[PDB]
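*Asks:* So I pulled this structure from the PDB, and the sequence comes with it:
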Amino acid sequence: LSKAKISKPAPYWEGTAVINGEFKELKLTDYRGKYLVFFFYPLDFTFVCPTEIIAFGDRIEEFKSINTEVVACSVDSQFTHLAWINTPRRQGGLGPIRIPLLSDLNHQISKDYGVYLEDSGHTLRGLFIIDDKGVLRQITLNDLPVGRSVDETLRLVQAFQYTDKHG
Amino acid sequence: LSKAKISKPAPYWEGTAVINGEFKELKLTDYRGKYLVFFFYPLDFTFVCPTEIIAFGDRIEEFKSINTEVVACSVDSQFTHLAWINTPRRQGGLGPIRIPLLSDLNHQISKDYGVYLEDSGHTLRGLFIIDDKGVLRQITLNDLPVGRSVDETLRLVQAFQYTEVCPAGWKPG
Amino acid sequence: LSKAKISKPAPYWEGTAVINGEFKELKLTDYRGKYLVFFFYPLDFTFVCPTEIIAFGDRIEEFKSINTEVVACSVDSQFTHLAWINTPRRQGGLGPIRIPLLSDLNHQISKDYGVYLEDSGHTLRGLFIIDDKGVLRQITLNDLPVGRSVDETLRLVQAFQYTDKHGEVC
Amino acid sequence: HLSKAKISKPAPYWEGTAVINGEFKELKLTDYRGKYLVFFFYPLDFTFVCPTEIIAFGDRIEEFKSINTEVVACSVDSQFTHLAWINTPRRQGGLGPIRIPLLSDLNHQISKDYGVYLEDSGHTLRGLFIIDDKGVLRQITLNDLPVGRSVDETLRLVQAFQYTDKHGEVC
Amino acid sequence: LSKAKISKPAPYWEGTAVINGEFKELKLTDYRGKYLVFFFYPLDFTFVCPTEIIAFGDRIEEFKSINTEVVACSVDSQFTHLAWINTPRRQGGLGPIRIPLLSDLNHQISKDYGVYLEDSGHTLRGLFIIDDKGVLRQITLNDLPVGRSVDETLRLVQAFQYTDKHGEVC
Amino acid sequence: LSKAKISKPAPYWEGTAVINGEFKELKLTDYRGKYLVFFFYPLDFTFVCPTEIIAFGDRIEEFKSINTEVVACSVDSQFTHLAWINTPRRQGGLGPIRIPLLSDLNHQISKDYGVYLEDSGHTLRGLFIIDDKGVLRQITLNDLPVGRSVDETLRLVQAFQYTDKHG
Amino acid sequence: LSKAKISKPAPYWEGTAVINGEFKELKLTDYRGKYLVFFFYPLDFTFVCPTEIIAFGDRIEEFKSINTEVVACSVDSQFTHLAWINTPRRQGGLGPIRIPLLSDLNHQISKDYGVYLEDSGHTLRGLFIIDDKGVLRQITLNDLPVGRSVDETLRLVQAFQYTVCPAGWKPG
Amino acid sequence: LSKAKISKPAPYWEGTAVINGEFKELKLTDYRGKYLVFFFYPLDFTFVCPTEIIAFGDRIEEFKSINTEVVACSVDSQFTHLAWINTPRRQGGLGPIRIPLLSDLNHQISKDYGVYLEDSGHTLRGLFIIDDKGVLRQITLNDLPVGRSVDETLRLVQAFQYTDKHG
Amino acid sequence: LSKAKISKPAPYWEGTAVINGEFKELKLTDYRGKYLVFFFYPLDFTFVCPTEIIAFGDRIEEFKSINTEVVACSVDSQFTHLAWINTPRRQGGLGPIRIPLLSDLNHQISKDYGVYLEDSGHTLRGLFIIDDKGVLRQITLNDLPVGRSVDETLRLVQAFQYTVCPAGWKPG
Amino acid sequence: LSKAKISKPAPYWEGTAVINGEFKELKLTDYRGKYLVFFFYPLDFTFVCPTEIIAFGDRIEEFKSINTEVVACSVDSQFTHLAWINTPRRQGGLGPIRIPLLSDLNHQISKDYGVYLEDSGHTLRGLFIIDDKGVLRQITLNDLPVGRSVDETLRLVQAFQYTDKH
């Protein structure tokens, strides 16, 4: 069922994302000419602190300077994404964030990337690296407990870029 | 794909609901011996005031007095269901509410009741009435914009339990 | 087997109706440009008073004034529809009525709207609301005992027309 | 889905609600075992065509009853429309009172089993079947919607069947 | 399997018939413009007196005066048909007869008219009435023992001729 | 559709035949223990002289004396088979005959034997030789014009009976 | 699987035959305008006297005088067909003969005519008569032991080309 | 279609072979306990000198002495095989020979060995060496013209025999 | 065709590995009761410095100390694995190493893990972390150029075994 | 599954070979116009003396002289072929050799030729002779232990060249 294959073109996706507090139509092709770090996380409004999403949002600049963008995705509706941002931390929210939050409500993107859990109705923790020519170069799939490293994602992006010229 | 047929047993469902600020496992079979008004609404945290859901929460006591329970369902996570209730009504939330909010995250229940929109990724505005022996007795499917009446739902339950009036002079043969 | 989907075009139909005491060929498209309340009822000439059919005939003036029409339908022949109308209320009849009675004798329309009961040989209690652009906007299906509200139908039609201009309001 | 009605095979089973002397009674084909049954379809109640053929059987039913024979009529109309028809006076468009049952085949099962249902019109041909005391179909008569039916020819036919059941092979 | 449907054109057939002792190629289309009584009987050279064939042969003139033609049919070879006619009535034959005897040897026509018995290898007693435009108007199927009324057959054509112009009127 | 295979059992058949002026139920198994010449001919009451059938009827004793029986078959009814026999030769008949005339009116036997003509509604000229064990040993099929040999049939039966004992 | 049906065209065949000590391509259509007796026999070099094959080779002039040729066939190679021919009859051979010996080594021809015995690896005793327009007119299939009569074959052919009733008999 | 796989048991075959002028039923299992050189050749009575087949017939004793038998096979009938053997080498024949000529008339053995040529109706030049345990050990397929070495075959068999003990 | 699903039991494998210079049958079930890092690398005897394999071999003790084992796999024969190890680092070889090198010569294992490249005939660079109960917990797949972090692998294993919030953050 | 048929064109193959110490892309069509001896052997770095592979490498000049080429093939990577050759004949290696070593890493060629073993993951000992027109002429399949004769291959090639004329 998964369309995501390494060194084949990354599966096309499109949907509504929340960017800087507004709804915007986002597509994989918007990021052509740049590397894109594309990752799924299970759910909004959970009891687990969203450290990993904040960590990417805070340090986004390290990505921007190496021609990389970052996009987060969950199966939550784009309306739920917003409420999370607009919900105070004492009550569980995310607060403002500097990466787009993409909604995969009809589950289609999750399924194409092969990270959807048929029975849970939400995603794995999956992260995909797609290059500037629009090709999937790396796949990371974690069981539900384990978080994700900003440093390690960076190491990977740089290594792909370095070998893009000299190998 | 739809399993809901009138006067056949209502399709079984079970899932996580938010009841009185807590997560509780809820299944259709829990409502045996009582009538159940089971209705879907599209999404939480929208910009449309959730009056229909609220109206049921406010007047929930009138259903209780005629042996009827009410459960609402959307395709949202129970975690989102919780946040909505915990978001003040003044700030766009649902606020506290006295009916359970059932989560159909894997979409399995929506599809069973035939209210899921494959391309939109959420439900219609759909309402089902089920009797105490667990049989589907009424189906209401609305296009997304139009809301839903408590009075009319009440009228229907009473009408299924009890059994507009005849013009004077009309007689049968 | 049912073809009726919300916000897809309402399924086409045509058949012979009794309108103001005459047989007339009626088709769904005749109601283009107006909202149509199209509803089924089980049978003519039963022993239960047709309160729901009469109530629509009496209050028809309220539907026409918001550019809405009403058509009732059963699996009975157009000839049985006529006899019913031409039979006095004191005699079990409907008496004269101001909405058309459409005959779905060969059961094709009932099947298309998904309200036909295979074993009983008649319809459910079903009501569909269709807009001026010919799109299905509402489906209501009741088990045999429970009747149908004119007020609630008027409310739905009004709500659909209203949101057709200002999309969603409190 | 096609006709089940075959000559000299057991007659297709049917059961449904009929109007008999103004009342609803559950009726089945097996109820007529031990007697010959004349079972026929007519298109619709409440038409502008005179129900002369249905009436003629009702008037002359006794000639059939005396030769160990029953007669039953059927249309695709509801038992309620059937009743309404009988209780409408004979000249002001009704059938008037009748002494044979009017079987309602509202769900069309019997009409399709007998191969007399018209898919597009939603009613029957004019068909008459003669069935014996062992429940075996012996005769099929199908008329285009316009032509009516002879009680007499039916009467003779019932008689010819009765004769050949005992002394059959010779003129 | 039967192609004979009431008020649709009668199933086409063609074959060799015996007419006045001669072999003749005969088709349904020869009877365009006239009413045709077309009927099957089980077998030739049987022990049952062939009265119905004779009775029709005798009164053929009444048919001709009301614009009706008649054709009899069995699954026997045309050759068997001939021997029968040429066999004296005293010897079990038909003797000469004034209606054509059409041969349906390859069983194709009995099957089209839905009158063939798979196991017997011959027909039921079946009669079909066809109008001047070639449309099937009546079907009569008798179990093998019972003979047939000329009179009733005569009546039916008249009822059809009568209702083709005025239609049934009270 | 033909069931007739050489040196496999000849296909079973059964039906009503006219044997010595009476109707009799005849079946292929009645000839167990004897060789059987089973042949088809097109029709009774034709304008062609029935020489081949009469030739078999006349010389039947030569067959009985080599433990062989003979049966003729056409698609005509047994009532027609009787009438033919009972029709004087002068008036076109067969006259009395000492071989059975099998009626295959429902065409079932012809179809089993591969001699039925779909379009004509009668048979080919076919002859099958079946042994004492009910096994088909020889198949002969002629186009409509050509008749059939008693001498040659006889030669064939003898050759089969001879080689049944001494190779 | 058999393609041979009466009064339909005889199934096409072509292959290498031994004709006058030589290999020649022979196909059914070479015999158009003539009747052909095309018959199969099981095997070359047996201990059974090839009386039936020889009889056809010998009396061949009688066929030729009624516009008919004869071709015999077995599943043996044309080489074996040849060797059979170059062995004297007294010494078990066929000796030289005046009908072609068609070789069906790959069994393709046999199968088309429905005479191949799947398990034995050779043919039945089968004989087919084909008319001058190339249409199959007669089929004779014998179990393995029993041979075939030239007289009878001849009789059949004349009758097909040609186209005696009990006394007192007349038709009606 | 070929059933013959290296180091799997050689495909079973059985049939009539010609041995010392006699017909004898022969099967592969008869050669258990001995190595068998089983080879196919196209046709009897061909115009090609049977040098390769005779060489095996002449030198058979070298095979018998290293516990090996040799059997040749063609699709020719056992009756054709005998005639070949009873035709003198001087007459285009094979003359008497001391290895069996196996007949694969119904082609079943050829097909099993994957050496039947569908359109020619005969075999390739194919050779199989099967060890004493009934296991296929060696496969050789030659174009139609080319003859075959006894010397070379013996070398291969011995090597198979040698490695049956050492390595 | 891939069998590797997260939080389902890891796909079974068995084959011959080279461990401390010897051939051994190694199977996934041998690592029951321990976490296993199971990773593929494309090929032996390449011109690319085999740093990632060596780095794991050098720091293997850190894994051993958190009850974790490491096994490397390539589609190379076990014989090639041995020659690699017995070829000096000075000569381009791997030299001795302290993790087993599993040979997947018939490609069967690679296909099960969905790491085989059909046209190239070897694997991408893929790593799987499997728990002590034998369940696949993590999948990492890299295009051929990019190596893999031991530190990062370590972080991951501890994380699975162990189981920092924005300030002000509290749950409902 | 095997596509290799006698007196039909040899199945096309192409891949990377090690030729006289270098990586080179090689295809069957390169041997158009000359005879080619194409043979498989199981694995590099085995414990079996590569006497059969070496014998062809040593006497290569006799094949070159009858317009014939020889190419050996195994399922090992080309990197492994090289490493093998660069391992001295004394240390268990093949040492330098004068026939190309073709790598069939993705198993595609072995399978086309019908010598791959699904369960073992390597080839049989199989050798094929293909003529100057690219037609498959001879097939040899040995169980894994047993070597192959240079002489008999030579005898066969010559016999084929001979019948190419007469």
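*Replies:* Great, that's in hand. Residues are numbered from 1 along each chain as shown, chains lettered A, B, ... in the order given.

*Asks:* from what I can see residue A:114 touches residue A:40, true?
*Replies:* No. The criterion here is C-beta atoms under 8 Å, and residue A:114 misses it with residue A:40 at 10.3 Å. Any C-beta I mention is one placed from the backbone N, CA and C, and that applies to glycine too.

*Asks:* Find the residues that touch each one of those two.
*Replies:* residue A:126 (C-beta atoms under 8 Å, 6 or more residues apart in numbering or on different chains).

*Asks:* Comparing these two, which residue is more hemmed in?
*Replies:* Shown here are residue A:114 and residue A:40; by other C-beta atoms under 10 Å in any protein chain shown, residue A:40 has more neighbours (24 against 19).

*Asks:* partners of that one in the sheet?
*Replies:* residue A:73, residue A:126 (DSSP bridges).

*Asks:* quick check, distance from the longest helix along chain A to the centre of its chain.
*Replies:* As assigned by DSSP state H, the longest helix anywhere in chain A is helix A:150-165. Computed by C-alpha atoms, centre = their mean, to the nearest Å, the chain-centroid distance of helix A:150-165 equals 17 Å.

*Asks:* Break down chain A into its strands, ranges please.
*Replies:* For chain A, the strands defined by DSSP state E occupy A:14-19, A:22-27, A:35-40, A:68-74, A:101-103, A:116-117, A:122-123, A:125-130, A:136-142.

*Asks:* Could you tell me how many residues sit around the residue in chain A positioned nearest to chain E?
*Replies:* Nearest residue of chain A to chain E: residue A:1, at 47.2 Å (C-beta to the nearest C-beta). If you count neighbours by other C-beta under 10 Å, residue A:1 ends up with 7.

*Asks:* how much space is there between it and residue G:100?
*Replies:* Per C-beta to C-beta, to the nearest Å, residue A:1 is found 66 Å from residue G:100.

*Asks:* and the closest residue to chain H within chain A, what does it touch?
*Replies:* The minimum distance from chain A to chain H, using C-beta to the nearest C-beta, falls at residue A:5 (35.2 Å). Residues counted as contacts of residue A:5 (C-beta under 8 Å, 6+ apart) are residue A:136.

*Asks:* Residue A:133 too?
*Replies:* residue A:32.

*Asks:* Now it: phi and psi?
*Replies:* phi -100, psi 0 (degrees, to the nearest 10).

*Asks:* so how far is chain G from the closest residue to residue A:79 other than its chain neighbours?
*Replies:* Counting by C-beta to C-beta, 6 or more residues apart in numbering or on different chains, residue A:79 lies nearest to residue B:45, which is 4.2 Å off, once chain neighbours are set aside. Separation of residue B:45 from chain G (C-beta to the nearest C-beta, to the nearest Å): 73 Å.

*Asks:* quick one: the residue of chain A closest to chain E and residue A:115 touch, right?
*Replies:* No. Checked against C-beta under 8 Å, the pair residue A:1 and residue A:115 is beyond contact range at 10.8 Å.

*Asks:* Look up the residues that both of these two are in contact with.
*Replies:* Between them, residue A:1 and residue A:115 share no contacting residue, judged by C-beta under 8 Å, 6+ apart.

*Asks:* Look through chain A and state the residue closest to chain C.
*Replies:* For chain A, C-beta to the nearest C-beta, closest residue to chain C: residue A:79, 13.5 Å.

*Asks:* show me the contacts for that residue.
*Replies:* Here residue A:79 is in contact with B:43, B:44, B:45, B:46, B:47 (C-beta under 8 Å, 6+ apart).

*Asks:* Report the two members of the residues you listed separated by the largest distance.
*Replies:* B:44 and B:47 (11.5 Å; C-beta to C-beta).
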